[PDB]
Structure formats: C-alpha cells, structure tokens
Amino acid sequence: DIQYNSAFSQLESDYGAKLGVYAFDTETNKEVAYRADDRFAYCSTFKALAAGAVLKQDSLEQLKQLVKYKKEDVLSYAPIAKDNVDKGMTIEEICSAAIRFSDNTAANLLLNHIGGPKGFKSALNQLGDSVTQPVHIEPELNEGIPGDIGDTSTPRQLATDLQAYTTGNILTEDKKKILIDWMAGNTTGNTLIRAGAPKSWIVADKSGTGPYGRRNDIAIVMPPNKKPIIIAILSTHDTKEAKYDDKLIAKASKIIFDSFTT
C-alpha cells in the first residue's frame, strides 16, 4: 500500500535513517511491509528468539537448573548477572534477565545453553529460518560493519520467527505464556513499539541497540478481543557514531497500528 510507504519514507528522510518494517495482523491476515526483506543487524532482539529456543529444547523442570559462572564472564552490561556469581542463576532467571534487562552475560549464558551461536542457528534452521545468521556472542554481535551478513536478519524473518514461538505450534500453551510474560512489562520497551501503541493493546517486546545508531524492536501486540499483531522494526544509520532517536520507532509503530485499524 502506497499510503504507508510514503509515511515510512518520510520518517527515513526526517531521521536520516534506514528503516525496515514487517508487521502481520493475525486477526485479519494483513501485513505492513517496508524494506521487509533487507538485512539489518538484529542486536539484542535475538534474545527473545533464543529464549524461545530454550523453551523448545528444555522441559519445564529443566528451566530450574542452576548455572554457575565466573567473574570473567561478567560483561560491562550485566545488571543481574554481576550480582549472582556466588550463588548462580537458573535457566529461567537467565532468560528473564536477557529479555527483561538485555543483560549481556545472561544472554551469553543463554547462548551457551543452546549450543552457542552455532546451536542457536541450528535451532532457527529447524524452525524453517534459513535467513537469520547468528555468528557472535556478546558483545561483538551488535558491532558488525554494514554489509556483514553475520548477526543479521530481515524484518520479515524476525517477525516470522517470533510469531512461530509466541502463537504457532512450536511451543506448548504453557511455554508460550512463559515467553510472552518474559517479554511483557519491561521498561526497555517503553519508548519503542509500546510508545506508539494504543493504551489497551498490550505490547510484549524485545528492544535492541548498537553502533551505527542501530535501534530495533520486535513485539507481539495483543488488542482486546482480537488475535495478536506481530511486529519487527529495525533501523540503522550510515556512520558508526550516529545517534539514534527512539521516536523513529514509536512513530513507525503508530503508522503500523493506524494501517491495521482502518
């Protein structure tokens, strides 16, 4: 549709950024797609998908397994894991810290639990995703130069994978609920898709950030009385030290919701 294309292109001009959008409304089977098959560095958005992979791999009781790690594993952004070296963290605590706070040590422990980047890639391939290309752990995974394929995916692919874990048949009902609750109600989401959403449409998201002014958000959005909307919004700039502005994401989200509520 040409109305939203113009609005997204205007955002690109206004913010000096490249924007990639894919949204799918499962109530109506409509989509919004803008550079939906272009690659972007996914940054921390992957943490929600890797937690999906944990849930698929593991029984519910395996989520209680305690993991011990060392001070050397504590990275410069590890707001939960830096305080749990002595006692350890369980798998579910690791997934929560990675999704709710984007803790990078928790994200590395999560990746270790599913076999490293190569194991995460294998899990995505088993789901039918041959586009997403995990290569690195934290902190390198958001630092790739433009043009790398490693640590990238497309808006469409990320949305498709999130839809598979949160609404498809990959996970049991109870595991879907665990994942969605991990993604719900976290402050890291406040300025992004949630900022552009209607107040009663519940947003459960995972944000991402990186150099090149990268700023991303993926989400499941749940309107009252309707089936959910799945969204991926990825964005980047040309130069490594560029600033990002979260309003780009919030405004892109408002365009998506307006397009689905006509």
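One rule holds for the numbers: they count along the sequence shown, beginning at 1.
- Here 141-149 and 175-183 are compared by their mean Cα B-factor, and 141-149 comes out higher.
- On average the C-alpha atoms of 11-19 have higher B-factors than those of the other stretch, with 245-253 and 11-19 being the two compared.
- Ranking 113, 118, 87, 156 by Cα temperature factor from the entry places 87 first.
- Considering 72, 103, 161, 93 together, the PDB entry gives 72 the largest C-alpha B factor.
- Among the modelled residues of its chain, residue 168 has a C-alpha B-factor that falls in the highest third according to the deposited record.
- Placement of the Cα temperature factor of residue 31 within the chain: highest third of the modelled residues, per the deposited record.
- The entry lists a Cα temperature factor for residue 127 that places it in the highest third of the chain's modelled residues.
- When all modelled residues of the chain are sorted by CA temperature factor, residue 208 is found within the lowest third.
- Ranked by Cα temperature factor within the chain, residue 225 sits in the highest third according to the deposited record.
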